[PDB]
C-alpha cells in the first residue's frame, strides 16, 4: 500500500496540482493522491452529470439514442458543436447545449425528483434547470462519484438495465489490450478554483469492473489531457491496466 500510495501521490505532484483518485474494487474503496481531503469535499459535477442526465432522459422517454438533436442556429461555444447530433455524439464532445435541451424536456420537477431518488451528491438542483451541474447548487464528492460509477458499472443504478446499457455505450473512451475504459470527463470552468474530473470504470475482458474517480484542481494553461494521463498512470501502477 505504501508504495502505491507514494507512486500515485507522485503523479499528482508531477502534474503540479492538488488532486485525488478514488478506486473501488469490489466492496473496498481506496483513496490516493496528494491532497486526500479532496475525497470528501463537494465540487460541481460539471459534465460528469451528463451520465445521469442521459439516464434520466432516456428512462422517462424524453429522448432515444438514435434521435437527432438539431442545431437551432444559436451561437455555441465551439464551432464543432454547431451541427445536428445524437446524445452519444454530444457525450463524447461534452456538448453542453444538447444536454441543456434534454434537461429542459425532463423539466425541473422531474429532474429534481430523479436526482433525489438516485441520491446524487447533495441532491439539490435548485431552480435553473439548464445550468445546475455547471455552477451549482448541485455538488458531489469524489467518493460519491466513484460509488455512482461503481453502481453504473454493475448495472445497480435504479434505472432499467437497458437504459444503463444504452448510456454505457456512449462512454467508451479507450481500450488497453482487452481492458476497456468507460468514463466521462468534466471541467468546471465557471467555478473558482476550476475543477477537473474523470469518472468511470475499467471493464476487463473477464467481466470484472474497477471504478475510479479522478478529481483535480485545473490550473491556468493546464491541458485537459492531464486528467487522462494521471488516471492511466495510476491504474497502471495498481495493475488494473
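Residue numbers count along the first chain shown, from 1.
Set 179-187 against 48-56 and average the Cα temperature factors; 179-187 ends up higher. Comparing 68-76 with 82-90, the stretch with the higher mean C-alpha B-factor in the PDB entry is 68-76.
When the Cα B-factors of 144, 112, 154, 106 are read from the PDB record, 154 comes out highest. Looking at the C-alpha B-factors along this chain, the one for residue 100 belongs to the middle third.
Ranked by Cα temperature factor within the chain, residue 138 sits in the lowest third according to the deposited record. When all modelled residues of the chain are sorted by CA temperature factor, residue 221 is found within the highest third. The entry lists a Cα temperature factor for residue 123 that places it in the lowest third of the chain's modelled residues. In the deposited entry, the Cα temperature factor of residue 34 places it in the middle third of its chain's modelled residues.
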